[PDB]
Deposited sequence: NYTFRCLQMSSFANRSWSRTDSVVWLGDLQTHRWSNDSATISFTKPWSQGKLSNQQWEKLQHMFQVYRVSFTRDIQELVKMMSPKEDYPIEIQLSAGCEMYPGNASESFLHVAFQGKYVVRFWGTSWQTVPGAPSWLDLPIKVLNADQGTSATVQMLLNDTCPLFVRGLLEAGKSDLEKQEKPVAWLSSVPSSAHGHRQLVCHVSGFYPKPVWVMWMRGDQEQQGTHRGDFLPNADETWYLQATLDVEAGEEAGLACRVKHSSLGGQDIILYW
């Protein structure tokens, strides 16, 4: 399975001031960036064009270049005539591929960090609990059928189409295996007498990984796994802490399983 996301983030500060910057992803790896100040959409990968021709790409790019200016201008007007009188808006759009060329497309808008509108089927839709004053705007926008047909083409059609192309185009990148290097350390805990052993594991790809403190073969189930943290060279960082009685460190090892190792695990002893 693979999720393809187009994240747009627009801020309006004044009526003089506003900007839109997008970035798109295929799971882990960013495929595109598009700054407010660049007139075209940058490719962060060699395969960021997927399979579409220069023609076909440029067609889709022209459409976004129009959308961006429009979106800004429309939203600024929405600002004038609104609320009592109140900005940060976000779009997450794309699709999720599946075994049998299946996918669910999506498009969600958040206003002030809260999810408020999505496009579903054929019309725009205020989501339950959203501010009432969005009803009217969302209706006016639903009167523009061109944009609804456009948005339906992009979701139903272009998204799977393009993304399929990316999967082939990017194969070697997405199926890269990068090996984790691991290191150990410890720090005192709150509890007196207790120390916290840490197992740092950095540089692995893809994300899924297994890091357990072992005593021989008894999986030390107190092992607490941290959050996955990104490196900049497109690999992952994780660490697993195990709290222990001082001296109870003796004979402990942390081991790591990961696709990239075949089945030859890493096992730092303490």
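Map the modelled residues onto the deposited sequence and report the uncovered stretches in sequence order. The deposited sequence has one unmodelled segment, at 87-89.
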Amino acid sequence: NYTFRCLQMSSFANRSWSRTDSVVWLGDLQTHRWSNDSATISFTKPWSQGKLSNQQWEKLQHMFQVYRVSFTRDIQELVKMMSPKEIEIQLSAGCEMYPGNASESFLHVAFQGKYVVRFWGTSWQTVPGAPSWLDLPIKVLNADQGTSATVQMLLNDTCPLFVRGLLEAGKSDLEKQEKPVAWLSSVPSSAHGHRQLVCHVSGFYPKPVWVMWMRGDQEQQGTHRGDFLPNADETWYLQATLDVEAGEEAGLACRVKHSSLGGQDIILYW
From here on, numbers count along this sequence of modelled residues.
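query: Looking at the deposited entry, does 188-196 or 87-95 carry the larger mean Cα B-factor?
result: Result of the comparison: 188-196.
Discussion item. Test of understanding: from the entry's C-alpha B-factors, which stretch has the higher mean, 51-59 or 29-37?
Written reply: Going by the record's values, the stretch with the higher mean is 51-59.
| field | Selection by C-alpha B-factor (highest) of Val127, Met81, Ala182, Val163 | value | Highest C-alpha B-factor among the listed options: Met81.
Considering every modelled residue of the chain and its Cα B-factor in the PDB entry, is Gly216 in the lowest, middle or highest third? Its C-alpha B-factor belongs to the highest third of this chain's values.
**Request:** Grab the CA temperature factor for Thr147 from the record and place it in the lowest, middle or highest third of its chain.
**Result:** Ranked within chain, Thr147 CA B lands in the lowest tercile.
Would you mind checking where the Cα B-factor of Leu252 ranks among the modelled residues of its chain, as the lowest, middle or highest third? Tercile = middle for this residue's CA B-factor.
Query - CA B-factor placement of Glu178, once the chain's modelled residues are sorted into thirds - result: CA B-factor rank for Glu178: lowest third.
Of the three thirds of its chain by CA temperature factor, lowest, middle or highest, which one includes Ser42?
Lowest third.
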